[PDB]
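Chemist:
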Amino acid sequence: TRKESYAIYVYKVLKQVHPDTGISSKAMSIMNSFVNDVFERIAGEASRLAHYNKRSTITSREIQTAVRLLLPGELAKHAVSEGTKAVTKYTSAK
Amino acid sequence: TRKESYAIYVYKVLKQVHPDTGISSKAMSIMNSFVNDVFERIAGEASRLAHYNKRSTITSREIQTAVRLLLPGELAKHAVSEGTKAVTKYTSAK
Amino acid sequence: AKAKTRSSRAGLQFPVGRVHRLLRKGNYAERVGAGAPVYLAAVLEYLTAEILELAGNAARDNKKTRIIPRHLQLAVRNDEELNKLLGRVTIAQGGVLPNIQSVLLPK
Amino acid sequence: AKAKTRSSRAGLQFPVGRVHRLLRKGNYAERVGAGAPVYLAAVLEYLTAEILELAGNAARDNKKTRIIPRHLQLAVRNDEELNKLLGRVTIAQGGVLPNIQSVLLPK
Amino acid sequence: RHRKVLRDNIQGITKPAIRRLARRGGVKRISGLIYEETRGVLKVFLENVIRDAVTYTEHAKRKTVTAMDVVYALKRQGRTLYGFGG
Amino acid sequence: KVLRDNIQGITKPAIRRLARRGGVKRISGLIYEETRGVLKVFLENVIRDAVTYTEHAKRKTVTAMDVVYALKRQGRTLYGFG
Amino acid sequence: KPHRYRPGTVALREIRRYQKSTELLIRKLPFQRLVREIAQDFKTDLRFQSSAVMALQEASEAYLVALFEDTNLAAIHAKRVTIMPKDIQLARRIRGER
Amino acid sequence: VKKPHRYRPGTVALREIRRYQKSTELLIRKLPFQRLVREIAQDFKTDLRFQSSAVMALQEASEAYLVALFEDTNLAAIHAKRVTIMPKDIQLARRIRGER
DNA sequence: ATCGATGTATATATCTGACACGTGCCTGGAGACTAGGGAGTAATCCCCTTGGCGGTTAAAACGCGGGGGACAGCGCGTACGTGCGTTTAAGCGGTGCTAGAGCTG
DNA sequence: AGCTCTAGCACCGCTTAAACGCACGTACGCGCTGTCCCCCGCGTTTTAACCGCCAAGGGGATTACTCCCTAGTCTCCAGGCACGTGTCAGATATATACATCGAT
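Residue numbers (PDB author numbering), protein chains in the order written: chain h, 29 to 122; chain d, 29 to 122; chain c, 12 to 118; chain g, 12 to 118; chain f, 17 to 102; chain b, 20 to 101; chain e, 37 to 134; chain a, 35 to 134.
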């Protein structure tokens with residue numbers, strides 16, 4: 029069988045933010061759990077925001093509200109910008 | 029328009045347990061909110077128990093495990109006892 | 012044939028059908044078994060019956076024929092197990108339990 | 012035509028397709044929008060980038076080029092804001108801060 | 017809809033009101049430094065609740081902070097509130 | 020094989036060292052007793068959820084997945100074991 | 037010769053009087069002004085339902101009475117009877133709000 | 035009678051208060067914790083098995099609980115103008131969290 | 001104030017097993033496609049929030065007195081901590097066993 | 001239901017540093033006693049919360065319309081994961097320099 033994770037992706041992100049740093053396998057597991065938990069939180073509040081408004085879709089607005097909800101502070105001012113630029117790229121690429 | 033509520037059911041529960049006692053509207057809404065909150069908690073735990081066992085169907089055993097997790101102490105034993113006698117009555121009456 | 016509700020088939024007074032519909036619409040799982048609504052309704056009846064019984068006892072202790080939300084707070088906070096269940100839960104119009112620390116009491 | 016992965020169209024290092032499949036199979040809603048997996052992959056990538064940025068800073072302060080979950084604990088906990096997000100989180104082999112109270116120091 | 021730019025309303029929660037709120041909790045004497053720390057922590061808690069409440073409003077494209085949004089915002093912080101629909 | 024008691028197995032210098040990891044200077048004589056008590060009740064609470072998680076899946080061993088999942092339900096997520 | 041009670045008696049009397057009452061200890065209109073002041077810098081020209089305002093009333097009152105009970109426990113642990121701002125900070129920071 | 039060189043009570047405590055907070059090794063011995071986990075899971079049923087990673091996660095989580103509770107206990111102790119901890123500090127730290 | 005041992009840290013080399021890299025391979029992401037109803041918009045009614053007025057009056061604010069209660073200081077004394085010596089069981093390794101996970105049907 | 005086989009479990013030896021008990025001393029807990037200032041309860045005084053009435057009209061809610069958008073199906077291939085190989089950085093060990101704490 030095969031098991032699905034986020035190890036190579038966090039390795040690529042660490043490589044592009046730091047070209048000369050290594051990382052342990054325990055940290056592979058911790059990043060896997062952290063990415064899974066943050067995804068679970070954001071998707072769960074996306075579902076809750078859908079169910080509160082009688083909404084059958086989860087668009088970028090629900091995820092934007094969820095990112096403004098879970099994360100407080102300046103990351104709330106950061107992660108709603110960066111992801112916005114992401115879809116700003118996507119609408120220029122589709 | 030009409031909004032669904034558990035008002036008359038917990039009202040007849042009150043009439044069954046205290047036949048000479050009425051209810052107030054604020055306490056009625058508090059009990060409705062309690063019913064919705066416990067329903068959401070147990071259904072969410074059952075959803076987690078199904079998803080974590082690679083299971084797609086919520087059976088009576090799902091909610092039995094969920095109420096064994098959530099309700100602490102002797103209420104768990106009376107809850108599983110009343111649930112088991114309810115489901116055996118349901119199967120026997122079918 | 013004659014229609015006959017599943018709540019009476021289970022010997023149950025919260026509705027089977029409403030719990031089944033909110034289980035399907037609640038997006039908890041793709042499929043919901045037959046025993047799931049009756050079991051969950053039985054659990055809901057047990058919790059509602061316990062809290063209503065304790066509230067009725069507290070109202071008899073206060074001597075009114077009405078459950079005020081103060082009686083609901085007194086019902087759910089005097090029982091240790093229900094206190095552990097509804098620990099992070101605020102009930103409106105409830106106040107607090109009338110407790111005083113023994114250090115504060117003079118004699 | 013030649014297939015291009017949606018993460019590269021979004022300019023992202025995190026998979027759009029895997030996140031979209033998990034949103035479908037997590038059964039959060041009946042439908043999932045087009046830009047929502049892109050946006051969620053972007054916020055996951057930003058959080059991962061910040062946490063590994065702080066991990067690399069802590070590792071360079073420790074002068075250890077491969078990061079340890081100790082360096083991760085110094086990364087998460089010393090940040091004044093990221094500690095609030097991971098407040099109810101225990102990091103395995105994480106440890107605590109080397110903090111000493113001012114009264115506890117010798118006179 | 018705001019009639020005027022309100023400011024310095026933290027004194028609206030008066031020292032006697034703080035004294036009752038302490039009395040319900042079961043404390044005998046109150047120091048003079050309590051009455052501003054209590055206002056500060058009250059301000060912090062209300063800011064934390066109302067930020068989530070107004071995000072719930074702006075997701076719904078509304079202008080009115082309804083009771084349901086406040087209920088869900090308080091549920092988000094782990095303090096579930098009953099009596100307002102739920 | 021049934022173990023009689025190993026509450027005393029939690030070593031008194033081990034509690035001293037855990038408290039020193041907590042950042043304390045001095046330890047009272049009763050701390051070794053109520054620390055064992057709170058550790059016992061916490062392990063009771065976690066292990067009960069772990070065993071009922073395992074019983075849900077028709078399994079008769081306890082995995083790290085179920086321990087982490089019980090800790091997640093309890094309110095303290097654990098990263099490092101999936 | 038007035039009927040001046042001993043300070044430390046009528047405080048407990050009104051402790052018992054308030055602990056059996058469900059009346060709102062914070063007046064409605066100062067809390068209106070405070071809620072509008074807090075919500076002003078998040079979006080200008082916001083409106084509030086009265087039931088939402090009552091939700092703020094009850095949640096705020098419950099949070100404050102729970103915090104004051106915890107600080108009372110922290111004060112009586114510290115061989116004192118009067119609560120102090122250090123009790124406030126200690127209860128909040130053990131609770132994890134800081 | 036001469037006496038050997040020795041430290042004040044508390045300064046080697048600070049030397050290892052710095053030494054023990056810079057490391058991340060597990061503090062409880064592995065076998066007694068495993069035996070305790072096996073004996074707690076007995077009234078649930080007998081003949082239950084634990085993976086080594088399960089016992090590892092349990093020990094790490096319990097040590098995290100004890101270190102957080104001991105920071106809160108030392109903070110309650112320093113609130114009461116004391117440098118050592120007391121049992122009633124432990125029940126205070128449990129009572130403020132609402133889990134006693 | 002000064003000097004000394006004890007302790008932690010700094011530096012260089014050897015050594016090793018986890019991690020970095022590569023390769024084969026296949027599930028699942030991607031492109032194309034149609035269809036349906038959810039979604040966005042406009043038109044509409046109308047509950048309900050804001051706003052103002054007036055009077056009532058409960059209550060906030062104010063200053064006063066005085067005495068617990070906070071808190072600094074002191075002394076005493078039990079209970080810590082630190083240490084040496086001894087004891088002991090964890091820790092480590094290999095061996096041997098099969099229950100029981102785990103996958104397929 | 002059933003085969004495969006990981007790994008949990010049982011054990012046994014020896015090396016091992018902690019675990020253990022005890023001996024000596026002192027900083028620290030606890031209580032007393034001190035000053036005193038801090039707050040509580042008071043009437044007097046004063047502000048505004050409160051009721052309720054009326055009214056303006058924004059804004060949430062419903063109804064209706066139509067259309068872009070996403071599940072769904074189908075085909076296809078490359079990114080992704082298991083597997084394998086081998087450096088190489090961290091652990092280990094020894095020698096060297098500096099500094100906190102003790103007490104001359």
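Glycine residues also receive a C-beta, built at the ideal position from the N, C-alpha and C atoms.
(1) Against chain d, does residue 30 of chain b count as a neighbour if the rule is that its beta carbon must be under 8 Å from one of theirs?
(2) Taking residue 52 of chain g and residue 93 of chain g to be in contact with their CB atoms under 8 Å, please state how far apart those CB atoms are, rounded to whole angstroms.
(3) Can you tell me where the beta strand (DSSP E) with residue 62 of chain e in it begins and where it stops?
(4) Check each residue of the stretch 64-90 of chain c: if its Cβ is closer than 8 Å to any Cβ of chain f, include it; give the result in chain order.
(5) Given a cut-off of 8 Å on the beta-carbon distance, is the pair residue 62 of chain e and residue 33 of chain f in contact?
(6) Any Cβ of chain f within less than 8 Å of the Cβ of residue 120 of chain d?
(7) Taking 8 Å as the threshold (beta carbon to beta carbon), is residue 101 of chain b in contact with chain h?
(8) Starting from residue 62 of chain f, trace the alpha helix (DSSP H) both ways and give me its first and last residue.
(9) I need the straight-line Cα distance from residue 88 of chain f to residue 102 of chain f, nearest angstrom please.
(10) Relative to chain g, which residues along the stretch 79-100 of chain b have a C-beta separation below 9 Å, given in chain order?
(11) Just to confirm, are residue 84 of chain a and residue 81 of chain b a CB contact at a threshold of 8 Å?
(12) Residue 107 of chain c versus chain f: which residues are under 8 Å apart at the beta carbon?
(13) Any beta-carbon of chain d closer than 8 Å to the one on residue 12 of chain c?
(14) Just reading off the alpha helix (DSSP H) that residue 98 of chain b is part of, what are its end residues?
(15) Under DSSP, the beta strand (DSSP E) around residue 100 of chain g begins and ends at which residues?
(16) Taking the C-alpha atoms as reference points, what is the distance between residue 30 of chain h and residue 30 of chain g?
(17) Starting from the N-terminal side, write out each stretch of the alpha helix (DSSP H) that is 4 residues or longer and does not extend beyond the stretch 42-125 of chain a.
(18) Would you kindly check if the distance between the Cβ of residue 121 of chain a and the Cβ of residue 19 of chain b is under 8 Å?
(19) Indicate whether at least one CB of chain e lies closer than 8 Å to the CB of residue 130 of chain a.
(20) Looking at chain f, is there any beta carbon in it that lies within less than 8 Å of the beta carbon of residue 88 of chain d?
(21) Given 8 Å as the limit, is there contact between the stretch 72-87 of chain d and the stretch 48-57 of chain d, that is, 3 or more CB pairs closer than that?
(22) Counting C-beta neighbours from all protein chains within 10 Å, is the total for residue 85 of chain f 16 or more, i.e. buried, or is it exposed?
(23) Buried or exposed, going by whether 16 or more other CB atoms sit within 10 Å of the CB of residue 39 of chain e?
(24) For residue 62 of chain d, report the span of its alpha helix (DSSP H) as first-last.
(25) Determine the chain e residues that contact residue 18 of chain f at a beta-carbon separation under 8 Å, and present them in chain order.
(26) Please confirm whether residue 47 of chain c and residue 70 of chain d have their CB atoms less than 8 Å apart.
(27) What span of residues does the alpha helix (DSSP H) with residue 82 of chain g cover, start to end?
(28) Would you call the stretch 71-85 of chain g in contact with the stretch 95-103 of chain h, where contact means no fewer than 3 C-beta pairs closer than 8 Å?
(29) With 16 other CB atoms within 10 Å as the buried threshold, where does residue 76 of chain a fall?
(30) Where does residue 59 of chain g fall in DSSP's three states?
(31) Please work out which residues of its chain come closer than 8 Å, Cβ to Cβ, to residue 55 of chain g, disregarding the five sequence neighbours upstream and downstream, and give them in chain order.
(32) Less than 8 Å between the beta carbons of residue 12 of chain g and residue 117 of chain h, yes or no?
(33) Would you mind sorting residue 107 of chain c into buried or exposed? The rule is 16 or more other CB atoms within 10 Å of its CB.
(34) For residue 46 of chain e, count neighbouring C-beta atoms within 10 Å of its own C-beta (all shown protein chains included) and say buried if the count is 16 or more, exposed if not.
(35) How would you label residue 81 of chain a, buried or exposed, when you count the other beta carbons within 10 angstroms and need 16 or more for buried?
Modeler: A quick look at the data gives this:
(1) no
(2) No, residue 52 of chain g and residue 93 of chain g are not in contact; Cβ-Cβ is about 20 Å, not under 8 Å.
(3) Segment: none, residue 62 of chain e is in no beta strand (DSSP E) and carries neither H nor E.
(4) 80
(5) yes
(6) no
(7) yes
(8) 50-75
(9) 8 Å
(10) 90, 94, 95, 96, 97, 98, 99 and 100
(11) yes
(12) 40, 41 and 42
(13) no
(14) Taken as a continuous stretch (DSSP letters only), residue 98 of chain b belongs to no alpha helix (DSSP H), being part of the beta strand (DSSP E) at 96-98.
(15) 100-102
(16) 18 Å
(17) 45-56, 64-74 and 86-113
(18) Since the first residue shown for chain b is 20 and the last is 101, residue 19 of chain b is missing from the structure and cannot be characterised.
(19) yes
(20) no
(21) no
(22) buried
(23) exposed
(24) 53-80
(25) 72, 76, 80, 81 and 82
(26) no
(27) 80-89
(28) no
(29) exposed
(30) helix
(31) 25 and 30
(32) no
(33) buried
(34) exposed
(35) exposed
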